[PDB]
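S.K.: According to the working numbering, the sequence shown is numbered sequentially starting from 222. In this text, a Cβ means the ideal position worked out from N, Cα and C, and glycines have one as well.
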Amino acid sequence: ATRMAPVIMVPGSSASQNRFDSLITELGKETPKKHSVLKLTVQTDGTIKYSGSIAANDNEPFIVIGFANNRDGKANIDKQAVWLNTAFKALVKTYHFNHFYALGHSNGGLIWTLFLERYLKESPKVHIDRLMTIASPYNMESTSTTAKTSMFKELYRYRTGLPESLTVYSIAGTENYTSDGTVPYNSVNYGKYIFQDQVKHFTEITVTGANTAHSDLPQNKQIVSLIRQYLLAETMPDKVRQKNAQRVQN
Ligand code: NA
Ligand code: NA
């Protein structure tokens, strides 16, 4: 197992961009370690623009991968999963890491999922250890508990491609309306049909307000606290750990 293990982060559509950027800034400030930040933007023809960089001795760089076409809907998500694989392959051709962690915000969680089910096997020496998704709409904009969107049909159909040794955290709020931008709780909850019994551990966590596009301070602090505790596996103060533990729903 290599010394570098990057945390690769994939955001959602532009409505949820402010929250994403706020999360990264705050995650950098709250983590005692300096994590270097490299940003890739995949263009609509598949070429890549780069911003920032990885320090040569940083064991845990943050790599943001987003897309010029970051719009909603299955047609776009199917392309973003190909673009993610394009960027991922460019990264494994530059840097030697054989383990990584993934953060997917909003549609980013669906993009990551589809990539993991279908495309990660193309870099067979590189393994994912942990995935956290934040308010990812596994059943798109549906408020149904029984109807399956085309999006969810594709994620469920390929769920057996997921890596069996993966640990997955899915953060959801309790908001069950669509007014923009927000995803319904009933759609985020379809995550468990994809993950349970396909991966080593699946953990649902509630953060109130996490389903809304427009963030606020108190919700971002909780989210950064969880990313640190569960995605980064950082040792946390005892009362913080215990309180985050009580946010787990299963
Ligand atoms: Na830091
Ligand atoms: Na394409």
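Whole angstroms is fine: what's the gap from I349's alpha carbon to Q419's?
M.R.: C-alpha separation (whole angstroms): 14 Å.
S.K.: Less than 7 Å separating the Cβ of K300 from some heavy atom of ligand 2?
M.R.: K300: yes, Cβ under 7 Å from ligand 2.
S.K.: So what's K255 in DSSP terms, helix, strand or just coil?
M.R.: coil
S.K.: In chain order, what residues of the same chain lie with their CB nearer than 8 Å to the CB of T399, ignoring the 5 residues before and after it?
M.R.: Same-chain partners within the cutoff: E362, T364, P405.
S.K.: The alpha helix (DSSP H) spanning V461 covers which residue range?
M.R.: 459–466
S.K.: Using CA atoms only, rank isn't needed, just tell me which of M230, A236, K295 is closest to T246.
M.R.: It is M230 whose Cα lies nearest to the Cα of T246.
S.K.: With burial defined as no fewer than 16 other Cβ atoms inside 10 Å of the residue's Cβ, what is the status of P345: buried or exposed?
M.R.: exposed
S.K.: Report the start-end ranges of each alpha helix (DSSP H) in the segment 427–460 that is 4 residues or longer and not cut off at the edges.
M.R.: 438–447
S.K.: Quick one: using the 10 Å Cβ neighbour count with 16 as the cut-off for buried, is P439 buried or exposed?
M.R.: By the neighbour-count rule (16 or more Cβ atoms within 10 Å), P439 is not buried but exposed.
S.K.: Identify, in the order they occur along the chain, each residue of the same chain with its Cβ nearer than 8 Å to the Cβ of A222, setting aside the five sequence neighbours on each side.
M.R.: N319, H320
S.K.: Just the C-alpha distance for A454 and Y322, rounded to the nearest angstrom, thanks.
M.R.: 11 Å
S.K.: Hey, out of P232, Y359, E385, whose CA is closest to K295's CA?
M.R.: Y359
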